[PDB]
Structures are given as C-alpha cells and as structure tokens.
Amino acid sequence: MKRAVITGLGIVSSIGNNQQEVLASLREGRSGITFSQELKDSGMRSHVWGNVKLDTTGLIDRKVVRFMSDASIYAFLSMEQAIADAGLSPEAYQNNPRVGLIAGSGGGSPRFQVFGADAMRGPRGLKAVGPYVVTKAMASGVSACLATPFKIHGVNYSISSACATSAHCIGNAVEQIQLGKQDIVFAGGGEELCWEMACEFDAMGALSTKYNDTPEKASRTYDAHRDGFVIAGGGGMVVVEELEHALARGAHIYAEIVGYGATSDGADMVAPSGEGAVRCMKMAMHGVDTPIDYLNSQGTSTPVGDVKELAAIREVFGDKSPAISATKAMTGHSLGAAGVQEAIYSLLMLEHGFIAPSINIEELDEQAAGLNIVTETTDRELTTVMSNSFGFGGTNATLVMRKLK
C-alpha cells in the first residue's frame, strides 16, 4: 500500500520555539523546567513546570486567535513552522480536498471551561462569558482552530487519548495516506499549561513535589529518587505525506513512518499494564527488519511508570536492547502534545545523527540494570528510531521512523 513520510515539522516547547532551538537544547541536555509561582499560589505541592518561553501576543491574526485557547495557539504556531519547513505554498495545500488535518489535545482547555463557569456565576452572567468560550474549551479546539484558518478541505478532527493523543494523531494520518484518502495530513497537537489542569494531577500524587528548590532536577526519569512527572505545555506538528507526492514536488524527507502501533491495556485506569505496551511495540515493528537504533521512551519520571515501560522494552527486544533516553527529563510532560514533540525530537536525532542524553540520573534504578540508557550526548548514525506514548485509560501508541536512501 501507500507509504507515508514526514516532510516538515514545527514545534513550540519548553526547550525551544523552533527546531533549531530544540536541536541545541537536546545536544546540550538543557532543561526546560522552571519554578512556577502560579502553581505555588494555587495551593499545589508541585511548583515546577515546563513552560513555553514566548509571548504569543500578536503572532496570530486577531480575528483568528479570538477563538483559540493556548493549546490551539501552540499547535497553530507549530503548523506555520511545519508548512514553511515542508515548503508548501498556499496554493499547494489550501482549499484542497486531499489535504487534511488531525491534531488534538489531552484536556481541551480547563482554563476557559473554568473561566466560563466563573464568569457565568458573576454579576455579568452571560455577558462576562462572551461568545468565544466554546471553541476554546471544546475537545476538538486544536483541530477546529487550525483547519478553518489554514483553509483545510480534507479530513478534520482531533484524536484524544490522554498522553498518547498526538501520537495517535500521527498514526491516524498515516492511515489516511495508506487508505489513499489524503496526500497530505498535518498531524500533531497542543496542550495549555495552567494550575486549573495541573492541580488535578497533583491531587493524584502524579507530579514531582520534592524538588521545588531545584526545578531543573525534578524530572529525573529512571533515577532511584524520582517522585512524579513535571507537567508541561506546548505544541507540535508534522507534515505526513504520501511518498510519491513528496518525491514529485522534491520535498525534503526526514523519514518514513514504517511502523505504527496502537493498543489497549484493558486493565487499570491510571497505571500501565506493560502487557499492552509490549503488543503496541510489536505491532509497530511488524515488517520492520531493520534494528531499532534509538528508542525515545515515555519515561515520565514516575516510580511505577518508568519500571513498567522498561520491563515492556526488555520483553520486546530482550538481547536486542536499543539505546534509550527519556527526553522528558529535560522537557517535562506535555501530555497531549508529548507524542508529536517526542516524535520531532526523535526525527531531529535521526536527521542530525545523535542521541540526546537521559539527564538527572544520579543513581540508576536497580530495575534498569541491563539496559543501554544513554546519559550523555552521543554522536551516531541512526537509521531506525522508535518513540512510545502511553496514557490513562490504558491507551498505547508507538511510532517507528526510518531514514530513506
């Protein structure tokens, strides 16, 4: 069937506002985590986050941004970058039935949902709410707010699956190409960063709380003293394109998506079963006879989570254990946007020939003994890479990307 390749990327993350800034952070093992007065003032125990260091004011037309929440803003800016990177002119992708968009977020916009309810209960009522809250708060905000302004005529919707969200978005885009329904599909996602959403995770005890005095050390995937993930926000977008279409226009191809896995645990609501992740990676590797040179793990820096994922990896590769690094140690967990951002970090490593380090590992967890966890930037000619994404509800996604000759 049809082959799908990535021809453009765009990103807004805690470690960079474009692929060049991100590339530098990855090579340097630079943390994007900072102290958050907002989280502290909200009454939370976790006072750290991976924030987007950028004032988006005026970067989007006023009549367009008025309908958008932060998740959509981040994704929108990421898409602008991706379009430019793919060298797609307006006439090439706009008002085109064969060009679609699949992108979503993990929780839409808790900030604007709370805003609406707060305003509604005030002395102004409906007048304080305004007519823009629906498009900002709805779950499909990210796809709706991008498809409309970019004149998308093809597929248009969001896939939501907690922390696997943007990973499934990319996989679904590949499916549209494989079904011969689209030639190009912009895929990715965005996620806002706010106490309104973060406090819910803290109430679960899922966020780090013992490293507030040293923000850059809070996210420490695989470290014996890890205590939860560091919440983050941002966006990402990639251009998924049918191979022949890309070659014809002389597009720059980063890699082909040669494997896409998507499974379900059918076990616990907030804890990974591991068994589901094993099937997910095996599904993505079906027909992939090249070895995995690098694996960007979910590695959220959680006690149970990091362990379960390492076990799954061992079951899948056994003796063929590939190099591994958890970029979340420096970026934080962007939830719905993690999938696409991590695929982008993986594509950058593949494009530039290097493996980003898994930082903050002062004492490697005992259950990670026989493994190749890269803890220092290492130059190497990579050919095939894998990136895993897991979310609550036992949802699993795995993407495998490979360079083209």
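Note that residue numbering begins at 1 and tracks the sequence as displayed.
In this entry, 363-371 shows the higher mean Cα temperature factor of the pair 341-349 and 363-371. When 90-98 is weighed against 175-183, 90-98 comes out higher, by mean CA B-factor as recorded in the entry. Listed residues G130, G190, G154, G261 were ranked by CA B-factor as deposited; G130 comes out on top. Take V114, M197, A246, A255 and read off each C-alpha B-factor from the entry; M197 has the highest. Among all modelled residues in this chain, the alpha-carbon of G276 has a temperature factor (C-alpha) in the middle third. Among the modelled residues of the chain, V64 sits in the highest third by CA temperature factor in this PDB entry.
Split the chain's modelled residues into thirds by C-alpha temperature factor. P149 is in the middle one. In the PDB entry, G104 places in the middle third of its chain by CA B-factor. Ranked against the other modelled residues of its chain, the C-alpha B-factor of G332 as given in the entry falls in the lowest third.
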